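Here is the structure we will look at.
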2 protein chains.
Amino acid sequence: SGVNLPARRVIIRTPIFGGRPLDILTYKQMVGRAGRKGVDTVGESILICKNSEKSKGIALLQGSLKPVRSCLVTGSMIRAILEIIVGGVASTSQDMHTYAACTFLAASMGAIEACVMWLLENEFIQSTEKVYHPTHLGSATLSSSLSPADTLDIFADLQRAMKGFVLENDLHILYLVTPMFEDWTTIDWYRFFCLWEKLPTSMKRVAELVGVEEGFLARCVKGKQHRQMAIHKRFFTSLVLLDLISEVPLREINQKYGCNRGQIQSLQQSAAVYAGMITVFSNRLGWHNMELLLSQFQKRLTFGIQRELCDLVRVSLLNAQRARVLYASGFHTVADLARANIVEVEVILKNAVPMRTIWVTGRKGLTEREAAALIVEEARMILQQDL
Amino acid sequence: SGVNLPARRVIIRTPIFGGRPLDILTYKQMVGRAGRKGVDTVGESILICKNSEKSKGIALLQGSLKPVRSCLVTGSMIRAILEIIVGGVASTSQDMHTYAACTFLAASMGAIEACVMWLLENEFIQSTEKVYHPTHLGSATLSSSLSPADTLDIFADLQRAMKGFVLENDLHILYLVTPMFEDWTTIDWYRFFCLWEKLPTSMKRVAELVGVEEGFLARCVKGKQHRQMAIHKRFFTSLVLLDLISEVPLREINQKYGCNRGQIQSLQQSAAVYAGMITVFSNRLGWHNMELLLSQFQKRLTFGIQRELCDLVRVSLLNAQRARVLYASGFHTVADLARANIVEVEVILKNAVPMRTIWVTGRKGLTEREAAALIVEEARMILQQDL
């Protein structure tokens, strides 16, 4: 499903992928890169099958793409009518029924009106004379673009951090921005238990405040609760993220946190969007205090930086190390980094090693002299373009 | 002790001022304003005395102001040596002894060396080979310019916001920036009881978290503890300040809080400096989360504004109401207020009334047309001067 990678021959291992038979839809694009344009006159695909799996494998070849559905109570439809009647375009209920005639479900060829009653119960909508108006929670959910199922828990979760908060460590703030667990990694309970003990006093205060139990943490799972499960794995996601924003090496996290570097960036990129949705959610809800605390946490999670390097990282060519080593060079802000000597940044960038060898996202490799000049050149444009 | 107020005749009511005899030092400048330069050829003062008070009154006429002292364990000397050994100028103890030879005490003509030991006990200085070096707490106190006596309590009080913090209301943030009680007003306990009951649920949570007791608050004082007494007054000072930053009418606070407008601005100006010292104190101590919450509270306490008008108030001619009515005119930031139509701001400033009739601090009265032009004109100069 990613970027095109042309090749003359594409060979597949088994029709069974990850313990399940291969889907037809992915099979159309499975080998569609075979045959380069204007270079290869023939592209071929060779699915490898064994014993009786050939009967299942050949179904991939003669199969046709499954017809599309609409997947539309349904959780994907609650947002559908919330997203429109909260924008003010659709107010009358009869016009809403007309909108449901415009969906994919309607064009394919009852409970649409009953889903509004679901929104009435959860205070998302105030009932008037029927003509419907948004509430404070309803207008905040749309603007931040959260699913209404998740918001009901967040609003109570964020209102429990109302009463008690900690500020010396970034953990409790990070706990409110960790999205979920999904299946980003396989948990290691014994390793978590050793990590649970070695946690300092300040961080352990956070866990008790959000429902995580010191007595039950990597204790009962060894010897053997869905909402209690979703909290402990939320805590592990927050525990991992705090090391990410502490600029610890990613190799060290692998040896310590057990999750490979592939699943880390698949989290910090996903958890950075969450911090960008909680912050907007708290802005529209009139909570000006943790909107301040969570304001800087979207940039920190995206790049895995500290508070110091927030301004340096604004240049697109400084991801996580090109700003740290540059920070130690006496340059602490992007304003004066824009005025840096071109020859000065060459030597400092050469050191700190863990012709087009230095890499920058979007332009493949680059040479050190050009990239170092790009560090300053990008900083020139930012200074006047934003002012 | 204030601004020069020339007058031809000055009359003093009694030698007794507030139940105490008048001080000679203020008596010299009591009369010193009599006689205008180049206008009045004769200035006189008539002290008024009765019965036996004349003997006390006449003593000031033939008396002389007392000679100066040095006021230098002593609390004003602890900061004196902390101001020099933390700045790095004086490190060796023997050289520090020469500093005590340079003060007013030495020039007038033991415990100085016994007072640096007091700082050693309270972690303010680390002891090395004697050569003294500042600590994290020692360097933070100097930068924020707090008395070392007050810092020991603040450090244990600010660190008690680590345990639990509230963010729905500004009360807990305000409680940590209320300086003290001094004698800014006379407390009204029965009036505080009626106010204590009517406090919403969110604010009452703050009081229990800082030591204020719901069970004992305007309860035992009616029927009849220095550290406990200084907390309850600290809470009352925070309750008053929360109304100040809510832009409630100043007249309404009098009818509700019992303290008149004179002691209000003499406290919000004093509490604004405190927020400017706690913020710097937390900055140097490496508490980046706490500095975030208190960063905006120096500007809010000075002007009695909300978060919305923080940017508008940057113009020196918008104190507390010239920005609120201007805010409702569709102008929410100082960037676009600088581009406002000159004739447009005239009509909006005319309304909201609770030729030089409008007033701006420092330039006495002004006319509406000129001041409204000054509103934009000051905004012109700010935009490019800071960039």
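Naming scheme: A, B, ... for chains in displayed order of the structure tokens; residues 1 onward per chain; ligands 1 onward as shown.
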
- Query: Would you list which chain B residues are within 12 Å of chain A using only C-alpha atoms, as a VMD selection string?
  - Reply: chain B and resid 158 to 173 201 to 206 208 to 209 282 285 to 297 306 to 308 335 383 to 384 386 to 387

Quick check for you: according to DSSP on this backbone, which residues of region 55-250 of chain A are classed as alpha helix (DSSP H)? Reply as a PyMOL selection string.
chain A and resi 55-62+75-85+93-100+104-108+112-121+136-144+148-163+171-175+189-198+201-210+220-223+226-244+250

task: State, in Å with one decimal place, the distance from CA of residue 143 (chain B) to CA of residue 281 (chain B).
output: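 A separation of 7.0 Å between them.
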
Mind running a least-squares superposition of chain A onto chain B over all the C-alpha atoms, in order, and reading off the RMSD?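 Computed on C-alpha atoms only, the RMSD stands at 0.2 Å.
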
Write out as a list in words each polymer residue whose atoms come within 10 Å of region 245-261 of chain A, counting only C-alpha atoms; drop sequence neighbours fewer than 6 positions from it.
->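 Surrounding residues, per the criterion: residues 170, 174, 184, 185, 186, 187, 188, 191, 192, 195, 236, 239, 267, 268, 297, 299, 300, 301, 302, 303, 304, 305, 306, 307, 320, 321 and 324 of chain A.
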
Would you export the selected residues with N, CA and C atoms as a PDB file, in the first residue's frame, please?
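Generated file (selection.pdb):
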```pdb
ATOM      1  N   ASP A 170       6.826  15.110  33.136  1.00  0.00           N
ATOM      2  CA  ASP A 170       5.940  15.173  31.983  1.00  0.00           C
ATOM      3  C   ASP A 170       5.050  13.946  31.843  1.00  0.00           C
ATOM      4  N   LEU A 174       1.689  13.466  29.561  1.00  0.00           N
ATOM      5  CA  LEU A 174       1.831  12.469  28.508  1.00  0.00           C
ATOM      6  C   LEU A 174       0.752  11.402  28.587  1.00  0.00           C
ATOM      7  N   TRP A 184       0.270  -1.851  18.726  1.00  0.00           N
ATOM      8  CA  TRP A 184       1.535  -1.259  18.305  1.00  0.00           C
ATOM      9  C   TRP A 184       2.729  -2.104  18.729  1.00  0.00           C
ATOM     10  N   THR A 185       2.601  -2.879  19.804  1.00  0.00           N
ATOM     11  CA  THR A 185       3.694  -3.739  20.237  1.00  0.00           C
ATOM     12  C   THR A 185       3.138  -4.863  21.097  1.00  0.00           C
ATOM     13  N   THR A 186       3.979  -5.868  21.325  1.00  0.00           N
ATOM     14  CA  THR A 186       3.669  -6.950  22.249  1.00  0.00           C
ATOM     15  C   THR A 186       4.276  -6.613  23.605  1.00  0.00           C
ATOM     16  N   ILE A 187       3.438  -6.575  24.631  1.00  0.00           N
ATOM     17  CA  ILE A 187       3.868  -6.153  25.957  1.00  0.00           C
ATOM     18  C   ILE A 187       4.735  -7.233  26.594  1.00  0.00           C
ATOM     19  N   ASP A 188       5.660  -6.807  27.449  1.00  0.00           N
ATOM     20  CA  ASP A 188       6.526  -7.706  28.209  1.00  0.00           C
ATOM     21  C   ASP A 188       6.296  -7.420  29.689  1.00  0.00           C
ATOM     22  N   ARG A 191       9.545  -7.677  32.118  1.00  0.00           N
ATOM     23  CA  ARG A 191      10.388  -6.510  31.894  1.00  0.00           C
ATOM     24  C   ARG A 191       9.731  -5.251  32.442  1.00  0.00           C
ATOM     25  N   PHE A 192       8.404  -5.157  32.329  1.00  0.00           N
ATOM     26  CA  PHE A 192       7.693  -4.022  32.908  1.00  0.00           C
ATOM     27  C   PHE A 192       7.765  -4.030  34.428  1.00  0.00           C
ATOM     28  N   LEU A 195      10.997  -2.679  35.370  1.00  0.00           N
ATOM     29  CA  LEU A 195      10.905  -1.249  35.107  1.00  0.00           C
ATOM     30  C   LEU A 195       9.986  -0.555  36.103  1.00  0.00           C
ATOM     31  N   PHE A 236       1.828   2.208  29.892  1.00  0.00           N
ATOM     32  CA  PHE A 236       3.049   1.798  29.208  1.00  0.00           C
ATOM     33  C   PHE A 236       3.329   2.686  28.005  1.00  0.00           C
ATOM     34  N   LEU A 239       4.702   5.696  29.465  1.00  0.00           N
ATOM     35  CA  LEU A 239       6.049   5.458  29.967  1.00  0.00           C
ATOM     36  C   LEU A 239       7.065   5.459  28.833  1.00  0.00           C
ATOM     37  N   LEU A 267       4.291   5.070  16.810  1.00  0.00           N
ATOM     38  CA  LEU A 267       3.565   5.554  17.975  1.00  0.00           C
ATOM     39  C   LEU A 267       3.719   7.059  18.150  1.00  0.00           C
ATOM     40  N   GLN A 268       4.958   7.553  18.173  1.00  0.00           N
ATOM     41  CA  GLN A 268       5.192   8.977  18.372  1.00  0.00           C
ATOM     42  C   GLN A 268       4.620   9.820  17.243  1.00  0.00           C
ATOM     43  N   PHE A 297       3.274  19.932  23.506  1.00  0.00           N
ATOM     44  CA  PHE A 297       3.507  18.495  23.489  1.00  0.00           C
ATOM     45  C   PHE A 297       3.247  17.851  22.136  1.00  0.00           C
ATOM     46  N   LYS A 299       4.606  19.190  19.285  1.00  0.00           N
ATOM     47  CA  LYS A 299       5.913  19.314  18.652  1.00  0.00           C
ATOM     48  C   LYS A 299       6.950  18.419  19.319  1.00  0.00           C
ATOM     49  N   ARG A 300       6.841  18.214  20.632  1.00  0.00           N
ATOM     50  CA  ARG A 300       7.808  17.377  21.334  1.00  0.00           C
ATOM     51  C   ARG A 300       7.683  15.913  20.927  1.00  0.00           C
ATOM     52  N   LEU A 301       6.453  15.416  20.784  1.00  0.00           N
ATOM     53  CA  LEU A 301       6.257  14.012  20.442  1.00  0.00           C
ATOM     54  C   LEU A 301       6.582  13.715  18.985  1.00  0.00           C
ATOM     55  N   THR A 302       6.348  14.669  18.082  1.00  0.00           N
ATOM     56  CA  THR A 302       6.633  14.434  16.670  1.00  0.00           C
ATOM     57  C   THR A 302       8.115  14.181  16.443  1.00  0.00           C
ATOM     58  N   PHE A 303       8.965  14.960  17.104  1.00  0.00           N
ATOM     59  CA  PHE A 303      10.394  14.959  16.839  1.00  0.00           C
ATOM     60  C   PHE A 303      11.214  14.332  17.955  1.00  0.00           C
ATOM     61  N   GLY A 304      10.597  13.998  19.084  1.00  0.00           N
ATOM     62  CA  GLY A 304      11.322  13.408  20.191  1.00  0.00           C
ATOM     63  C   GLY A 304      12.377  14.335  20.753  1.00  0.00           C
ATOM     64  N   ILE A 305      12.019  15.603  20.939  1.00  0.00           N
ATOM     65  CA  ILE A 305      12.955  16.610  21.423  1.00  0.00           C
ATOM     66  C   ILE A 305      12.524  17.090  22.799  1.00  0.00           C
ATOM     67  N   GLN A 306      13.347  17.924  23.419  1.00  0.00           N
ATOM     68  CA  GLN A 306      13.025  18.539  24.694  1.00  0.00           C
ATOM     69  C   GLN A 306      12.447  19.931  24.456  1.00  0.00           C
ATOM     70  N   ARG A 307      12.234  20.666  25.548  1.00  0.00           N
ATOM     71  CA  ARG A 307      11.711  22.020  25.425  1.00  0.00           C
ATOM     72  C   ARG A 307      12.725  22.960  24.789  1.00  0.00           C
ATOM     73  N   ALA A 320      16.139  15.205  14.943  1.00  0.00           N
ATOM     74  CA  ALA A 320      16.368  14.920  16.358  1.00  0.00           C
ATOM     75  C   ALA A 320      17.821  15.000  16.801  1.00  0.00           C
ATOM     76  N   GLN A 321      18.795  14.976  15.894  1.00  0.00           N
ATOM     77  CA  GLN A 321      20.195  15.026  16.293  1.00  0.00           C
ATOM     78  C   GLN A 321      20.860  16.250  15.689  1.00  0.00           C
ATOM     79  N   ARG A 324      20.273  18.840  18.202  1.00  0.00           N
ATOM     80  CA  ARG A 324      20.920  18.685  19.502  1.00  0.00           C
ATOM     81  C   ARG A 324      22.394  19.064  19.435  1.00  0.00           C
TER      82      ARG A 324
END
```

Worksheet entry | Point-to-point distance in Å for CA of residue 64 (chain A) and CA of residue 37 (chain A) |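 Computing the Euclidean distance for CA of residue 37 (chain A) and CA of residue 64 (chain A) yields 24.7 Å.
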
Residues of region 115-349 of chain A in strand (DSSP E or B), written as a PyMOL selection string | chain A and resi 125-127+131-134
